[PDB]
């Protein structure tokens, strides 16, 4: 079965909780990896949590977070959804300090980038076998989504960036077939900035909503078809999606400069001219999380919206978030089901531990009754080491 990716997003009214791994609470006693970016992705049969570890465990000296983000120890691993990430239940995927993965209906594509800042190489694997490599073309931290790539009709698609994180960089869409890059195109996107894209399939095409780290407090997006014919823009809503950001106000269909530098990985789902935005509750801190339905927020610049669903209270830490979908081949539905995950970051810099790790929660969009609450990390810091 190759996933067709021809269905449109399911009608939904809210988000039902799908998983919670309690990774950090468990790792207080058990043998649990220090991780970041616990992104979920699914096949036609099952869903997995992928994550990066520095190959060190919680409550151990090697968790010391003074290690560079881009270290030769960092690996992409995966485990079943909702389980603490341990060396006893986790599969090895790739050596990587930046990553993506996705399933085409027949096999897993994993992308793991390692190597030096001035010449990083993405290693592509299909079913665990190396199938291609892509080397840095600007010699400045080649990097990718940190969430699932999107697959449509036997090809999978991702976005890579190379260049400054605080100025204009270079952005490419990649089309990958059975692990081999068969087409790419560079975005002609002066004055845009794309990092950490959350990309999903929709009606035979792909939509990516990303992080502008340079000068936008709204999120950039890029959409494209199977030929890589693309469109670009920013989400117009004055309900700003990045962190940090200003208070809600008048939005822009280009980058909103106020509080624009820096950011956080996030996602949104487009429905017609409306948008579901996932975002932190705080405008300044990685605290809280909420889903907002703004029925004209993709294309209109007002700050009005119609629904807010609480996910994590502003008094609790949140973190990266990303989209994942469940295809009809998996669910039996006739539409593409949107879901998202949230990383709940504990430790440095906000808290007095030697380490930084995340646990995770995830939700799927449903057209049935839901409720807002807070499902935070719950660990009591610090630990013993």
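Numbering follows the first chain given and starts at 1.
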Between 301-309 and 93-101, name whichever shows the higher mean Cα B factor according to the PDB entry.
301-309
Out of 61-69 and 344-352, which stretch has the higher average CA B-factor listed in the record?
61-69
Between 133, 165, 158, 198, let me know which has the highest C-alpha B-factor in the entry?
165
Quick one: which of 141, 232, 314, 111 shows the highest Cα temperature factor in the PDB entry?
314
Entry-reported C-alpha B-factor of residue 29 relative to its chain, by third, is highest
Using the B-factor values recorded in the entry, state whether the Cα atom of residue 322 falls in the lowest, middle or highest third among the modelled residues of its chain.
lowest
Residue 45 - Cα temperature factor, lowest/middle/highest third of chain
highest
Residue 290: which third of its chain by C-alpha temperature factor?
lowest
Binned into thirds over the chain's modelled residues, the C-alpha B-factor of residue 279 lands in the lowest
